[PDB]
Engineer: 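This is the structure, below, for whatever I ask next.
For the numbers below, each heavy atom of this structure counts, side chains included, while hydrogens, waters and symmetry mates do not. In listed order, ligands and their atoms are each counted from 1. Proteins get letters first, then strands, A, B, ... in listed order; numbering begins at 1 in each.
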Protein chains: 2
Amino acid sequence: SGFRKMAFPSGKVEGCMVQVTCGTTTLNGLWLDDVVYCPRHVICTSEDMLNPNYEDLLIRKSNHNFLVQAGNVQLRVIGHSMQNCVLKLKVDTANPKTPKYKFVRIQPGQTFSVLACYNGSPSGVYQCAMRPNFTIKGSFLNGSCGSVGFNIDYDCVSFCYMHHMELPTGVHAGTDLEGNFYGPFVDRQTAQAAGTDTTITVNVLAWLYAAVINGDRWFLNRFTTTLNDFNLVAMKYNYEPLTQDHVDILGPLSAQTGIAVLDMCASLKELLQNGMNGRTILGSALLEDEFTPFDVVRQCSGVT
Amino acid sequence: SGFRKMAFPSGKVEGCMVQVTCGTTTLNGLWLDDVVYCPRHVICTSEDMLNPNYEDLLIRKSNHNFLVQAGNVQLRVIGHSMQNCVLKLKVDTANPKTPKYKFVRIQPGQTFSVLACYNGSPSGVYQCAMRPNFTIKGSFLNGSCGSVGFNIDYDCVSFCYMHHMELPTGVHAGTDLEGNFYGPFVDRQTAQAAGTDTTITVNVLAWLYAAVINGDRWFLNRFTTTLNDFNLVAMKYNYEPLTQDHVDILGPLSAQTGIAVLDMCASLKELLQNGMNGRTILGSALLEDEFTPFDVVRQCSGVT
Ligand SMILES: COc1ccccc1OCCNC(=O)c1cc(=O)[nH]c2cccc(OC)c12
Ligand SMILES: COc1ccccc1OCCNC(=O)c1cc(=O)[nH]c2cccc(OC)c12
C-alpha cells in the first residue's frame with residue numbers, strides 16, 4: 001500500500017545525456033544511435049532570443065562549432081540539420097548505451113518522467129503531466145534545456161518531451177523529439193501566455209480509485225450521477241469534460257474496487273461542491289490530477 | 001523556477017538490483033562488490049513470520065539454497081552470514097556496475113530516494129523522508145522487500161534504507177544497510193504500531209523558503225516571533241521543536257531570500273493557526289515537510 005508520485009527509473013535515459021555547447025551557450029542533448037538531439041535555440045545569443053531567424057543563424061554554423069561532450073569525451077560532429085525546433089547533430093560514434101527507443105507525441109492529460117539535466121549531467125527525476133493548455137509544471141533552472149520527458153515500456157524508452165523554455169508565468173514549454181512544440185508556444189523570448197489550466201478529470205477519478213484501493217474511503221458517498229450531470233459540475237470548476245472513452249479507460253479500476261464510474265463521479269462532484277473540509281486523500285489536501293488510470297493500475301499492481 | 005518532489009537519478013542503483021530467492025520466497029537484493037545484501041526474512045515461510053527464530057531458521061540453509069539472479073544470469077553463492085536483520089550473500093563475482101558507495105544510517109527528518117523493485121527489476125523511483133516515528137510513507141507492494149533508499153553525492157551513492165515490511169497501518173519499516181531497523185520495529189508479523197507522526201518543522205520552513213524563491217509569497221506577513229514562542233505553537237500542532245541548529249541550517253535560505261528565520265517562523269505560525277483559507281503554496285494545499293534545507297538549495301541551484 002501507499003501512493004506516491006513515482007517516476008520511471010532513469011538509468012536508460014542517463015546513458016543518453018550529453019552536453020552540447022555552441023558559442024557561449026551550453027545546454028543538454030539526447031544521444032541516440034549516431035545522432036544528438038538538442039533545442040535549436042543552442043545557436044542563439046540572449047540578444048537573438050527576442051526575434052531569432054534560425055535559418056539565417058544556422059548558416060553561420062558549421063559542424064565544428066557544435067561541441068558535443070558525453071562524460072569527459074568529446075564526440076566528433078560530422079553533420080547538422082534543423083528539424084522544426086530541434087537540431088540533429090550527426091556524430092561519428094553510435095551511443096553504446098542506446099536503449100530500445102521510440103519518439104512519441106503525447107496527448108494532454110498523459111504523464112511522463114523528466115530527467116532534469118545541467119551540463120549533460122542528470123540532477124534529478126520527477127513525474128509530470130502534459131497540461132490541457134500544453135504546458136508542464138516542471139522544475140527547471142538555467143542550463144536545463146534539452147532535458148527530456150519519457151515513459152518506459154519494459155526495456156523500450158518512449159521519448160515524448162524535450163525542454164525548451166520557461167514562460168514568464170513560471171510554467172514550462174517544449175517540444176516532442178521531432179521538434180514540434182506542444183501547444184502554441186514558439187522558441188522566442190516574447191509575450192507568450194498559457195491558456196486556462198483545466199483539471200484532468202479522468203486522472204482525478206483514477207487517483208480516487210487509488211485512494212479507495214489504499215484505504216482512504218471517507219469521500220465515498222450514497223450518491224450517483226450521469227455523464228451529463230457530472231459534466232455540468234465539471235465545467236463550473238474548470239475540469240475537463242468526462243467522455244465515454246474516459247469511463248471505458250476507468251473500467252478496470254471500477255472492476256477492481258466494485259465502485260461504478262458514475263458513483264465515483266458523484267463522490268468527485270460532492271468533493272468539488274463542498275471541498276475536503278480540512279481532510280486529506282492519499283496525504284494530499286487537493287484533488288490530484290497527475291496520475292493517469294494506467295499509472296494507478298501500474299503502481300497498484302507492480303509493473304517493472 | 002518550479003518545485004517538484006524530485007528523486008535522485010536511479011541508474012547507479014538500478015545496476016545493483018538483483019533477485020534473491022530462498023525456497024518459495026523471492027525478494028530484492030543489493031549487489032555491491034562480491035556481496036548481495038537482502039532482508040533476512042527471505043528465509044521465512046508466511047507461517048514463520050508470526051514468531052521466527054532466524055538463527056534456527058538459518059541453520060537449515062546452505063549457500064546453494066539462496067538463488068541470486070542479476071538480469072538473466074545466475075550468481076554463484078560462496079558464503080552467507082546474518083548481520084542483524086540482513087543477510088549478506090557472498091557471491092564469486094564482483095558487480096561490474098558497482099558505483100562508489102557508502103552505508104549511512106540517517107536521522108529522522110532526512111530525505112532519500114527509493115528505487116522500488118520487484119523480482120530484482122526496478123519499477124519506479126520516488127522521494128521519501130524518514131519520519132520522526134522512524135517509518136517511511138512509501139509505495140510498496142508484495143515483492144518490494146530489499147528495495148533500497150539512497151542519496152547521491154556526485155558519483156557516490158550513500159545507501160541508507162532497505163525495505164523490510166509494511167505495518168498494519170500501511171506505513172513502511174526497514175533497516176539501514178547494516179541490518180538495524182529504523183525505530184522500534186522488528187521483522188516479525190506482530191502487533192506493531194508507529195508512534196505519533198510529527199511534522200518536520202525545519203523541512204516545512206525550508207519549503208516556505210522554496211516557495212518565496214519560486215514566487216509564492218502570499219503567506220509572508222508583517223510579524224516575527226521567538227524560538228520559544230514559535231515552539232509553543234509547534235507543540236500544539238505536533239510539529240518538531242525548532243532548535244538553534246535548525247535556524248543555523250536555514251541560514252543560507254534566509255540569506256538568499258532576505259527573510260529572517262524567525263520572520264518565516266511567524267508566517268508558519270499564522271498558517272498553522274489560521275490554515276491556508278483555500279489557497280495553495282507550490283501547488284500544495286498543505287504544509288510540505290519532505291524537503292530538507294539541502295534539498296531546497298540543491299533544487300533551487302542545480303546540483304548535478
Ligand atoms: C525566455 O527564454 C527563452 C525563450 C525561448 C527559447 C528559449 C529561451 O530560454 C533559453 C534558456 N532558458 C533556460 O536556460 C531556462 C529554462 C528554464 O526552464 N528555466 C530557467 C530558469 C531561470 C533561467 C533560465 O534561463 C536563463 C531558465
Ligand atoms: C507482515 O509481514 C512481514 C512482517 C515482518 C517482516 C516481513 C513481512 O513481510 C514480508 C513480505 N512483505 C511484502 O512483500 C510486502 C511489503 C510491503 O511493503 N507491502 C506489501 C503490500 C502487500 C502485501 C505484501 O506482502 C505480502 C507487502
Engineer: Looking only at N/O atoms, are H164(A) and ligand 1 under 3.5 Å apart anywhere?
Structural biologist: no
Engineer: Under 6.0 Å between ring centres, would you say that holds for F112(A) and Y126(A)?
Structural biologist: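 Aromatic pair excluded; centres sit 6.0 Å or further apart.
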Engineer: With a 4.5 Å cut-off on side-chain heavy atoms, are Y182(A) and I136(A) touching?
Structural biologist: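 A side-chain contact is absent here, since even the closest heavy-atom pair is not under 4.5 Å.
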Engineer: With heavy atoms under 4.0 Å as the rule, classify the contact between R188(A) and ligand 1 as side chain, backbone, both or neither.
Structural biologist: backbone
Engineer: Mind checking whether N142(B) has an N or O less than 3.5 Å away from an N or O of ligand 2?
Structural biologist: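 N/O-N/O distance below 3.5 Å exists for this pair.
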Engineer: Could you tell me if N180(B) and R105(B) have a donor-acceptor pair between their side chains, going purely by distance under 3.5 Å?
Structural biologist: no
Engineer: Any side-chain donor paired with an acceptor under 3.5 Å for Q299(B) and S139(A)?
Structural biologist: yes
Engineer: Please report which non-hydrogen protein atom sits nearest to atom 10 (C) of ligand 1, along with the residue it belongs to and the distance in Å to one decimal place.
Structural biologist: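 Sorting protein heavy atoms by distance from atom 10 (C) of ligand 1 puts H41(A) NE2, 3.5 Å first.
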Engineer: On the ring face of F291(B), is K5(B) found with NZ or CZ under 6.0 Å from the centre and within 45° of the axis?
Structural biologist: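 Cation-pi check for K5(B) and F291(B): passes.
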Engineer: To check your reading of the model: name the closest protein heavy atom to atom 18 (O) of ligand 2, its residue, and the distance in Å.
Structural biologist: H163(B) NE2, 2.6 Å
Engineer: Determine if the distance from atom 2 (O) of ligand 2 to the closest protein heavy atom is below 4.0 Å.
Structural biologist: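 Under the 4.0 Å cut-off, atom 2 (O) of ligand 2 has no protein heavy-atom neighbours at all.
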Engineer: Please check whether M165(A) reaches ligand 1 - meaning an N/O of the residue sits under 3.5 Å from an N/O of the ligand, judged on distance alone.
Structural biologist: no
Engineer: Decide yes or no for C16(A) and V148(A): does some side-chain heavy atom of the first lie under 4.5 Å from some side-chain heavy atom of the second?
Structural biologist: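 When only atoms from C-beta onward are counted, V148(A) and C16(A) do not touch, as no gap falls below 4.5 Å.
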Engineer: Of the non-hydrogen atoms in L141(B) and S1(A), which two are nearest, and what is the gap between them?
Structural biologist: CD2-N, 4.4 Å
Engineer: For atom 15 (C) of ligand 2, tell me which residue out of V186(B), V42(B), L141(B) has the closest non-hydrogen atom.
Structural biologist: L141(B)
Engineer: Which atoms of ligand 2 have any heavy atom of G143(B) under 4.0 Å away?
Structural biologist: 14 (O)
Engineer: So, do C145(B) and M165(B) sit near enough that their side-chain heavy atoms are less than 4.5 Å apart?
Structural biologist: no
Engineer: With backbone taken as N, CA, C and O and side chain as the heavy atoms from C-beta onward, which portion of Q189(A) lies under 4.0 Å from ligand 1: side chain, backbone, both, or neither?
Structural biologist: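 Both parts.
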Engineer: Where is the nearest protein heavy atom to atom 13 (C) of ligand 2: which residue, which atom, and how far?
Structural biologist: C145(B) SG, 3.7 Å
